[PDB]
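Let me begin by presenting the structure, written as structure tokens, before commenting on it.
Ideal geometry is used to build each Cβ from the backbone, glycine not excepted, and the neighbour counts take in all protein chains shown. Bear in mind these aren't lab numbers, they're just calculated from the coordinates by the rules spelled out.
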Amino acid sequence: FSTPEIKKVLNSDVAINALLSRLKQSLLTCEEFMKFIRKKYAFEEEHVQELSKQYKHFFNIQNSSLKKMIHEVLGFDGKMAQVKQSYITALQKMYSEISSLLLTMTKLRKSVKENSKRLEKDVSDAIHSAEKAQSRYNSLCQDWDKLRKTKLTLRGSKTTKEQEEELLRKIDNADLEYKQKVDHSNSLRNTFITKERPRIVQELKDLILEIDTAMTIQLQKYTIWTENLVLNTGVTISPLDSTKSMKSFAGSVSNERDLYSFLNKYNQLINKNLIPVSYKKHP
Amino acid sequence: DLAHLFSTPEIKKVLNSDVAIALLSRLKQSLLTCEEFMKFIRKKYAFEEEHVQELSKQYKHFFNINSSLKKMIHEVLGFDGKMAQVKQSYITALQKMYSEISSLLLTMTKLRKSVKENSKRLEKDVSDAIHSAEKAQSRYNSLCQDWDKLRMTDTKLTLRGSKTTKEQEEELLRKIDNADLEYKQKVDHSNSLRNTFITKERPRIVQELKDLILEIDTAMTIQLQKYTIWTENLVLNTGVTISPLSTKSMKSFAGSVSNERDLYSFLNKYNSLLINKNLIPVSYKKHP
Ligand SMILES: O=P(O)(O)O[C@H]1[C@H](OP(=O)(O)O)[C@@H](OP(=O)(O)O)[C@H](OP(=O)(O)O)[C@@H](OP(=O)(O)O)[C@H]1OP(=O)(O)O
Ligand SMILES: O=P(O)(O)O[C@H]1[C@H](OP(=O)(O)O)[C@@H](OP(=O)(O)O)[C@H](OP(=O)(O)O)[C@@H](OP(=O)(O)O)[C@H]1OP(=O)(O)O
């Protein structure tokens, strides 16, 4: 946390590009997680839908124990589905949230990067202009230096004198623009290095940490949602109140009693021919 | 208490008319219960199969790869994988159950067919005997009618030899005696067959049908319980999958993340170093 090393590296040039790249990576993690969650909640939603639909067929009709018990365990199926529905709802909510996040953060990063590029460019090209002017100045001065040696004469005439004077004026002007452009460039540069740069990298750091922490929280949420789902279905099938368990329903059937019911019911008939033949004569 | 089927209404019900042999229908109903259940669990393991497939396929389809997060997400997706595995096991169990119930249904159907046909056949035999008796009766009564109509005639007719009323009388008397013996015989035959059917065979048939019904239904109930334990196993196993009996749980992964530390690593890692040629400052130095 703000070590001499970290503070040392944060002061260099590559920093501003580096943590931009980092932030980009973070954005990518976000988008990735979005996609995953979407696919997940999609097919899970599918699962729920069929789960809920399918059990409502079969034995849905309203007189026997077994059929009833089956009806009930299919009911359990339904309950499970409702739980999972709650879960997918949670997932959807999450997705929307992290989407909004990603949007905001991408936009923000774009802005910061633009600003950075602009400022840095301004400084750099200012320096460029300065060093150009420098080159000019040094060139003219180099010629004037070339003036002053294995040479002949020359007292010269009005022409050479005029050339000298003119060149001196030229060098004077070039010198002034040189100096002022240098001071300008250095001013801008130092203003950038001392104030703007650390502010930008500060902002980018803050952003990265923000989005990272948010997403990690989101991951933890996904986790607790999942284990919530699993646990609750787990306690849905086996509520710890045994009378509500699935095995509880499946346990109580008694077919013999239902058969006795069938027959004893049939008691409360049918001739079917097979009436015997009687023998009697008539003399 | 057992011997509920040994009660008065029950015994008189089964010992009653063909209404007993109701049991065929009931066995049919149980068979339809079987088939319906099959249909259901078929649909079930179908869409569960779909779910599992998509689970595994989708889980494996993303990261596959350096910060903490990437790792952690990779892990929780791994957990998704484990879940897919256990649910696959569950599906396998379901399919097995399907096969078993199917075989059961087959057996029971074949048996029902056989028994029913047998019953029908024996009943038919009885009915045929009765019919024969009725025929003999008709013949006898007819010939008696002929006699009683004949003795209203006062004269001789020529046929075999020739004449007469008296001889015709005696002849017809002989005929009717024969027809009468036939009658009595076939009556006794009929009634004997009937009694033997009612007292011996029919009970055995009823017994068999009842036994079959209880067999299939009990079997299907234990099957239901099997399905229940299968589901319990599934959910319990996914449960213990995502939270093992450890430091390698899901909450453990999701909980433990670097963020600040590995960012410090990321920065301190940059330490030769790229310095910008565009931002080299410029100095002003004059010239003599
Ligand atoms: O077209 P490319 O050669 O593949 O380069 C692009 C481009 O970067 P440059 O402008 O420096 O060439 C994008 O910049 P923009 O068009 O959006 O202004 C930049 O996007 P970011 O500035 O938002 O980072 C993107 O990077 P990324 O793929 O992380 O989005 C990067 O692609 P490369 O990193 O593969 O070079
Ligand atoms: O009890 P099952 O062994 O399954 O046989 C029944 C029975 O036929 P049988 O009396 O010849 O044994 C039905 O007859 P009823 O009880 O209605 O008098 C008949 O119904 P239909 O006479 O109306 O055709 C039905 O046939 P289906 O399933 O087409 O309705 C047929 O079942 P099977 O064709 O499977 O033998």
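In debye to the nearest 20, how big a dipole does chain B give about its Cα centre with +1 on each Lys and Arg Cβ and -1 on each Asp and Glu Cβ? Spell out each step's value before the answer.
Details: 47 positive and 36 negative charges, 388 e Å.
I would put it at about 1860 debye.
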What's the magnitude of the charge dipole for the protein assembly as shown around its Cα centre, counting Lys and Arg as +1 and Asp and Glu as -1 at the beta-carbon? Answer in Debye, nearest 20. 1460 debye
Using each residue's phi in the range B:102-109, evaluate 6.51 cos²θ - 1.76 cosθ + 1.60 at θ = phi - 60° and report the 3J(HN,Hα) Karplus result to the nearest Hz, with x for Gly and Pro. 4, 3, 3, 3, 3, 3, 4, 4
For the range B:126-240, restrict the atom set to alpha-carbon positions and state the Rg and Dmax in Å. 33.0, 113
If I model a spin label at B:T109 and A:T159 as a point 7 Å from the Cα along the Cα→Cβ vector, what separation in nanometres do I get? 12.4 nm
With Rg and the Kirkwood Rh both taken from Cα atoms, where does Rg over Rh land for the protein assembly as shown? 1.49
Violating pairs (Cα-Cα greater than 31 angstrom) within the set A:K265/B:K116; A:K7/A:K107; B:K44/B:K120; A:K53/A:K93: B:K44/B:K120
Cross-link reach from A:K110 to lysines, straight Cα distance under 23 Å and at least 8 residues apart if same chain, gives A:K24, A:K35, A:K121, A:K195, A:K205
Calculate the length of the line joining the C-alpha centroid of the range A:27-82 to that of the range B:1-77, in whole Å. 15 Å
So what is the calculated 222 nm ellipticity per residue for chain A, using -39500 (n - 2.57) for each DSSP H run with n of 4 or more, over all residues, to the nearest 500 deg cm²/dmol? -29000 deg cm²/dmol
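Determine how many Å³ per residue the convex hull of the Cα atoms of the range B:1-84 encloses.
Values: hull volume 10.0 nm³, N = 84.
So the per-residue hull volume is 119 Å³.
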Under a straight-distance cross-link criterion of Cα-Cα below 19 Å, which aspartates and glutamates are reachable from A:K179, leaving out those fewer than 8 residues away in the same chain? A:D122, A:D125, A:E131
Less than 19 Å apart at the alpha-carbon level, and either on another chain or at least 8 residues along: which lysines does that give for A:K280? B:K135, B:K175, B:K184, B:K186
The Cα extents of chain A along the principal axes, largest first and rounded to whole Å, are 189, 48, 28
Peptide-level mean, for B:228-238, of C-beta atoms on other protein chains within 10 Å: 5
Leading residue at positive end of dipole, chain B (Cβ point charges), from B:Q137, B:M72, B:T221: B:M72
Ratio Rg/Rh [Cα only; Rh per Kirkwood] for the range B:180-243: 1.64
